[PDB]
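Values below: all heavy atoms of this structure, side chains included; hydrogens, waters and symmetry mates excluded. Counting begins at 1 with the first residue of the sequence.
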Amino acid sequence: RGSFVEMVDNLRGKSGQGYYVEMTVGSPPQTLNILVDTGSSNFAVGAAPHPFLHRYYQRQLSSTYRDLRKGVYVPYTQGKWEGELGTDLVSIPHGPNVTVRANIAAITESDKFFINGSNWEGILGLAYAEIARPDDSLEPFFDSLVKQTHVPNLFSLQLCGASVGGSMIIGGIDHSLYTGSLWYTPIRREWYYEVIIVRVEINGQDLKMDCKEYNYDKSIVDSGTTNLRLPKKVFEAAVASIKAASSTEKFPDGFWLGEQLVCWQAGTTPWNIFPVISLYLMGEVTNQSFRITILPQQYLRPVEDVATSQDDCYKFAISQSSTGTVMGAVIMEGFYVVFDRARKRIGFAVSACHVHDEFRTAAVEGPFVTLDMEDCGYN
Ligand SMILES: C[C@]1(c2cc(NC(=O)c3ccc(C#N)cn3)ccc2F)N=C(N)OC[C@@H]1F
Ligand code: NA
Ligand code: NA
């Protein structure tokens, strides 16, 4: 408990491409890099020679592979994959020292799924069976891990943004990964890691929206999404106060819609004209909340692949949603995030590694008094 040196620094990534962990599947073990995703629930790996893939799972080489004789077809909003279900022995080399028999979807066809130039070739869905494909009887990896071993039913994520890195602590919390105190918000329902946002401030100014709007139709914590996505009506209001707060420069409207980059002369980004964003989350106690605050260092993402520009270019990375609030890598990179499944709660603490400056830092502060927090949840 509290100290897991072998697991610190076990994540890697490139900006724009997510955070992956090394895993092994089958006997003898095949090493694969696997995207860590708290917004889905299937363990799914490339299992054929798609040109974008460095490595893929070769079931024929594994003596402990068992076929389930069932296909799975998984379309997303963007992209899809299709695959064949089975089980096999799975370990995490920089993880707990155990091996478990997990479901694996061997991906045999995909579209707009793998990223060309990325270093990962599957996904580890860490959310709950309720959203597993094809249905909730396909037990997710972390459920198998907890059933089969003595690993405590929790994991924690420290995502360090821009090469990126971080730590996934499986079965525990490592106190060297955060400063000050953890504050917990209840998991409203076990499917996604769904939470409830009770108030939103831009530079300390309240948006003053009916709080149910913040959670329409849910709010989730998702390591497999880069952006902070906000429900359309909330995004319109939040961009409007952000534009106002940042008045002392003017940008094309396109910038705010993520339709254009903005660039500055290297080493001169004026962070200070951009406001901080705070989300108050439902706390553990009736009428009690806490707040997390992120910086423009989190929501202005650097874009390297600008082979038609010389300078320091950024994407505005808060965007409108039709799926509810998504607290993606934009939120998570400020924090050490504890997925405390055993107590159905998610903890946040200021990350010991988040990107900040001399004037402002990401922050997790409480308690605050907030009434009618149960009305904020959408039904
Ligand atoms: C399974 C799914 C998914 C995620 C990804 N995720 C990614 O490419 C990706 C990229 C950058 C960052 C960051 N920072 C996180 N993830 C790719 C394909 C997918 F297919 N997971 C989530 N959470 O959202 C969309 C999709 F459902
Ligand atoms: Na157990
Ligand atoms: Na600490």
Side-chain angles (χ1 to χ4, degrees), residues 1-13 18-24 33-39 90-100 120 124-127 140-146 148-187 193 195 221-224 281 284 290 292-294 297-298 327-356 361-366:
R1 301 168 56 82
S3 180
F4 291 86
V5 65
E6 74 279 10
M7 297 193 255
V8 173
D9 203 31
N10 63 359
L11 296 192
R12 298 147 67 200
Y19 296 81
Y20 54 88
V21 71
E22 182 182 302
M23 300 186 75
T24 67
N33 286 332
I34 304 289
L35 173 81
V36 169
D37 185 14
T38 60
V90 180
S91 311
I92 303 177
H94 304 290
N97 216 227
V98 302
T99 291
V100 313
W120 54 264
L124 186 55
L126 289 163
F141 171 74
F142 204 89
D143 299 66
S144 301
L145 174 66
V146 171
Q148 293 169 41
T149 70
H150 300 265
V151 180
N153 190 16
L154 93 167
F155 65 87
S156 59
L157 288 179
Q158 191 204 42
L159 304 189
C160 308
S163 260
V164 295
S167 285
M168 180 173 62
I169 308 305
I170 289 135
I173 288 163
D174 187 308
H175 311 293
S176 78
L177 300 182
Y178 67 97
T179 59
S181 180
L182 287 157
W183 282 86
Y184 291 94
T185 192
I187 289 171
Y193 285 108
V195 299
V221 183
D222 185 5
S223 64
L281 305 172
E284 293 192 279
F290 64 100
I292 65 177
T293 299
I294 55 165
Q297 282 90 345
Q298 274 76 72
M327 294 168 61
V330 163
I331 295 288
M332 300 183 70
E333 293 174 358
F335 307 103
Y336 184 44
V337 186
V338 179
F339 298 74
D340 184 350
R341 292 161 57 105
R343 272 91 115 204
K344 277 190 89 169
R345 54 184 191 170
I346 292 174
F348 288 80
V350 172
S351 174
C353 75
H354 79 280
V355 183
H356 59 88
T361 171
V364 183
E365 291 171 319

(Q) With side chain to side chain contact (heavy atoms under 4.5 Å, CB included) as the criterion, how do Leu154 and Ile173 come out once you've worked through the C-alpha distance, each side chain's angles and the decisive distance to 0.1 Å? (A) CA-CA 8 Å; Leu154 93 167; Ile173 288 163; 4.2 Å; yes
Q. Sequence neighbours excluded, which residues qualify as salt bridge (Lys or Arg N to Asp or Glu O under 4.0 Å) partners of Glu365?
A. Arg291
Q | Pairing residues for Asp340 by the salt bridge (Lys or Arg N to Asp or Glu O under 4.0 Å) criterion, not counting sequence neighbours | A | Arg343, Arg345
Between [X] and [Y], which heavy-atom pair has the shortest distance, and what is it?
{"X": "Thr293", "Y": "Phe335", "answer": "O-CZ, 3.5 Å"}
{"X": "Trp120", "Y": "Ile34", "answer": "CB-N, 4.3 Å"}
{"X": "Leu182", "Y": "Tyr336", "answer": "CD2-O, 4.3 Å"}
{"X": "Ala349", "Y": "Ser181", "answer": "CB-O, 3.7 Å"}
{"X": "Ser351", "Y": "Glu333", "answer": "CB-O, 4.4 Å"}
{"X": "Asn10", "Y": "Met7", "answer": "CG-O, 2.9 Å"}

Q. Can you check side chain to side chain contact (heavy atoms under 4.5 Å, CB included) on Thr99 and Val90, steps first, answer last?
A. CA-CA 6 Å; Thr99 291; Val90 180; over 6 Å; no
Q.
Show me the pairs that pass salt bridge (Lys or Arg N to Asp or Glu O under 4.0 Å) and involve residues 155-174, at least two apart or across chains.
A. none
Q.
Checking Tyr20 now: which residues fulfil side chain to side chain donor-acceptor pair (under 3.5 Å) with it, not counting sequence neighbours?
A. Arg12, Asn119
(Q) Test of understanding: with side chain to side chain donor-acceptor pair (under 3.5 Å), list the residues that count as partners of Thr149, not counting sequence neighbours. (A) none
Atom [atom1] of [X] and atom [atom2] of [Y]: how far apart are they, to the nearest 0.5 Å?
{"X": "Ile169", "Y": "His175", "atom1": "CD1", "atom2": "NE2", "result": "11.0 Å"}
{"X": "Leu35", "Y": "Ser223", "atom1": "CG", "atom2": "OG", "result": "6.5 Å"}
{"X": "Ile331", "Y": "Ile294", "atom1": "CD1", "atom2": "CD1", "result": "4.0 Å"}

Q: Start with the C-alpha distance between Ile170 and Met168, add both sets of side-chain angles, then the distance that settles side chain to side chain contact (heavy atoms under 4.5 Å, CB included), and finish with yes or no.
A: CA-CA 6 Å; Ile170 289 135; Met168 180 173 62; 3.7 Å; yes
(Q) Using the ring pair (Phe, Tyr, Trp, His ring centres under 6.0 Å) criterion, which residues pair with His356? Sequence neighbours excluded. (A) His354
Q) Given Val338 and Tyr178, is the side chain to side chain contact (heavy atoms under 4.5 Å, CB included) satisfied, shown in steps? A) CA-CA 11 Å; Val338 179; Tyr178 67 97; over 6 Å; no
Between [X] and [Y], is any pair of side-chain heavy atoms under 4.5 Å apart?
{"X": "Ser167", "Y": "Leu177", "answer": "yes"}
{"X": "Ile92", "Y": "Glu22", "answer": "no"}
{"X": "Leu159", "Y": "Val164", "answer": "no"}
{"X": "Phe348", "Y": "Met327", "answer": "yes"}
{"X": "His94", "Y": "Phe4", "answer": "no"}
{"X": "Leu124", "Y": "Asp37", "answer": "no"}

Q. Between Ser156 (side chain) and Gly172 (backbone), is there a donor-acceptor pair under 3.5 Å?
A. yes
(Q) Is it true that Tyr19 and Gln158 share a donor-acceptor pair across their side chains at a distance under 3.5 Å? (A) no
(Q) In terms of relative ring orientation, are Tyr193 and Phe155 parallel, tilted or perpendicular, with 30° and 60° separating the classes? (A) perpendicular
